[PDB]
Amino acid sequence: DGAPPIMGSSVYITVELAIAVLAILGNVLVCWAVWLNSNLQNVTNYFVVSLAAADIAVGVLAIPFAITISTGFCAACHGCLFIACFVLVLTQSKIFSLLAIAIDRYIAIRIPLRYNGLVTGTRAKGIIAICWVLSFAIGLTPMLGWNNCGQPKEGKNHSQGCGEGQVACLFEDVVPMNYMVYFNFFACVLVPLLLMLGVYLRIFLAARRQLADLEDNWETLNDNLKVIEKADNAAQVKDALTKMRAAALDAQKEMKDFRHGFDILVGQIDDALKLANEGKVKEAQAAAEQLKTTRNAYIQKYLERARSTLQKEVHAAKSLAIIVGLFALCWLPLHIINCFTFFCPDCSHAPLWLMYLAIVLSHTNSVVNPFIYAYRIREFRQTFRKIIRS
């Protein structure tokens, strides 16, 4: 006395097709933008393109595969495994791309001087090619023998009248739930997500620490100037200048103007240090006053350009952290439900409508990333305008 299955099926099928169209259109626009604008052609966005290629494949293949496996049609169990598991291949690829982006950004903020030599486009494409081969091996592991094809549901296969060697193609009838929980969720999804959480925490820690160091060196320059103007003994000017020369060199360690600025700064510190060692207090106090002009016309510009760059890395890393968060928000419900089905055999199985609500929610993840770029990355947003208005 249940309502006809095709009614609820029509809603689910229609919602899936709507998601597939939006996932294809949005992520093709991402790939078109990277191809068009040279400012978007860096190593980081090569993983973003690999991320967009997987979401395009979700709408082109994974979502039609989801509609197919919802019917329970008769099929050879191994071809039925590919239909069920190919979305795991695409999802795993996205995990590798997201982990590489966070690692790339950690390298850009921990060792920015060595980034361009270490992280190159040739090495990135190799990483992406390797991670795609690993994603196939991980997602299609049930095809290697870790499946329930050896224990078919003979009642379901005879009721639907399947042929010899065929089974009723159902995700939970062919894909073992211990693979989905232990291997896929715990090892291949949950652990990499916790790793990205650790990488981003180190990124924000590295940014907060470097921002504090610039202010410490900047305040050390100005506070030690007051020590010189109010000094009385030659050693009071010598010790104050010694702690400035270190703060001057430790700050530097149109790019020649920033180097020429520290040369005048440290060159003036050595001048006053020579006068302070000779005992000339007044002549060293006046020599140290010339540092104020150099601080304004040179050092103050570096303080706020290096601060502006670090703040851009914080803002950009937060935008990329949202993509990881929305990935977790879209996929965790489906994983959590699998944990209930596997770990609590005495719990009632999650209802049909909730299963397909979680399945649909995981597919919406292929729609959100182009919106994050448009709202949080100006270079993506301006290129999106240029593409659309033209």
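Residue positions are given as counts along the sequence shown, with the first one as 1.
Going from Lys253 to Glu254, the model skips 10 or more deposited residues, which lack coordinates. Per-stretch averaging of Cα B factors for 240-248 and 76-84 places 240-248 on top. Looking at 140-148 and 213-221 together, the entry lists the larger mean B-factor for 213-221, computed on C-alpha atoms. The maximum CA B-factor among the listed residues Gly117, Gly267, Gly121, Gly155, taken from the PDB record, is found at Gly267. Comparing C-alpha B-factors across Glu313, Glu164, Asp104, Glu172 in the deposited entry, the largest value falls on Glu164. For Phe186, the recorded CA B-factor ranks within the lowest third of the chain. Only modelled residues enter the ranking. Per-chain ranking of the deposited C-alpha B factor places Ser319 in the middle third. When the modelled residues of the chain are ordered by C-alpha B-factor, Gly59 sits in the lowest third. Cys131 sits in the lowest third of its chain by CA B factor, as recorded in the PDB entry. When the modelled residues of the chain are ordered by their C-alpha B factor, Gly261 lands in the highest third.
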